[PDB]
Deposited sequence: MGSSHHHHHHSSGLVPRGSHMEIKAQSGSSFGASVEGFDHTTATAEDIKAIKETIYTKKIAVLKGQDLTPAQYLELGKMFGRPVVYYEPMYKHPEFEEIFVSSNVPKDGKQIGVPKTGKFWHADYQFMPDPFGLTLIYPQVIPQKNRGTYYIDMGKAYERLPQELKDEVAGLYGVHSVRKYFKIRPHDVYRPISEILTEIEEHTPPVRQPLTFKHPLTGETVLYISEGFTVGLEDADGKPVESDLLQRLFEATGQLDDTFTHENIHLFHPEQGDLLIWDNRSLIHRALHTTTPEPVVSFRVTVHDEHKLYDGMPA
């Protein structure tokens, strides 16, 4: 197994010759260290059944089942399915078309996200990424001092997806279910990365709905929108310097840093088939050390 860096960038790395059935424990830790510093590792030539995909994921941590069963793979609930291939729909079509970190709206977010594309359109398909640790460092000192001591408030209520059994329900009832089952969760606005020690600005346009001070009082300023602006999350041209665009190819298996990165899906505006399998695992740490 050989880990190779990406051409002309310190973001991302490739992993060639990886076979999870033969990979040593030293191999796994070498890939882990690549993930936490290069932010994303792309395993090449992966041809795995769902069961073998889950076993590869289990070598990197403890899987977390997505809270909403509509997304589940029918045979392995640990697999999250993004698919637009029906007469009945399996999984959910074109998930994640918004800036977010995974489970940012949940009380205990996991450290590693695995994405295993199954069907890839040739054009206009990919994933955008922003390193929110590097995005914090590139903030002006004004914003650096403003975010200190604050807390982010994160909720799924913006991009919660209507389910088949929601038809004919009054929309207020759904909003109440969202607040009861998935209430807004608080996290420190910045935290120390438990593995690299860098400072991460933990916000995303999709899930972060507001800010609060240490005592839980909401922040009245437009600081949150200015943080979205400065980190590049409001540039709908996706040319901002913080933004990386990656195009997976057949055989790729992505494992990236769910603490440092926010991401957003690039899909076609067509019914062309596109399928991706997701597995999400807790590593050896929570979001940050000493998390209450």
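J.: Which runs of the deposited chain sequence never show up in the coordinates?
T.: Absent from the structure are positions 1-20, 107-108, 315.
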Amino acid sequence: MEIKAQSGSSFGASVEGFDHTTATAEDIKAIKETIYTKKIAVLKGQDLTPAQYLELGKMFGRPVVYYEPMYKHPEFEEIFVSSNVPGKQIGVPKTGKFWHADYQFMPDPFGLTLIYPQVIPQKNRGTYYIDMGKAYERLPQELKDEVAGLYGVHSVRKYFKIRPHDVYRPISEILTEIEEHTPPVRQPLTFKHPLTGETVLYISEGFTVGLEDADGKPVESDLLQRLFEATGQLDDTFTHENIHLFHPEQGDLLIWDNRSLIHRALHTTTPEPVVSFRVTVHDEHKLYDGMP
From here on, numbers count along this sequence of modelled residues.
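J.: Please work out which of 185-193 and 101-109 has the higher mean CA B-factor as recorded in the PDB entry.
T.: 185-193 has the higher mean C-alpha B-factor.
J.: Comparing 219-227 with 250-258, which stretch shows the greater average C-alpha B-factor in the deposited entry?
T.: Looking at the recorded C-alpha B-factors, 219-227 comes out higher on average.
J.: Just grab whichever of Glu205, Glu78, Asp131, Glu137 has the top CA B-factor as deposited.
T.: It is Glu137.
J.: Given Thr280, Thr22, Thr268, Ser276, identify the residue with the highest C-alpha B factor in the PDB entry.
T.: Reading the PDB entry, the winner on C-alpha B-factor is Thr22.
J.: Taking the chain's C-alpha temperature factors as the reference, tell me which third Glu68 falls into: lowest, middle or highest.
T.: CA B-factor rank for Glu68: lowest third.
J.: When the modelled residues of the chain are sorted by Cα temperature factor, does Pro164 land in the lowest, middle or highest third?
T.: As the PDB entry reports it, the C-alpha B-factor of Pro164 lands in the lowest third of its chain.
J.: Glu33's Cα B-factor: lowest, middle or highest third of the chain?
T.: Its C-alpha B-factor belongs to the highest third of this chain's values.
J.: Report the third (lowest, middle or highest) to which the CA temperature factor of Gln233 belongs, ranking only the modelled residues of the same chain.
T.: Within its chain, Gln233 is a middle-third residue by C-alpha B-factor, going by the deposited values.
J.: Test of reading the entry: by CA B factor among the chain's modelled residues, which third contains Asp27?
T.: Highest third of the chain for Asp27's C-alpha B-factor.
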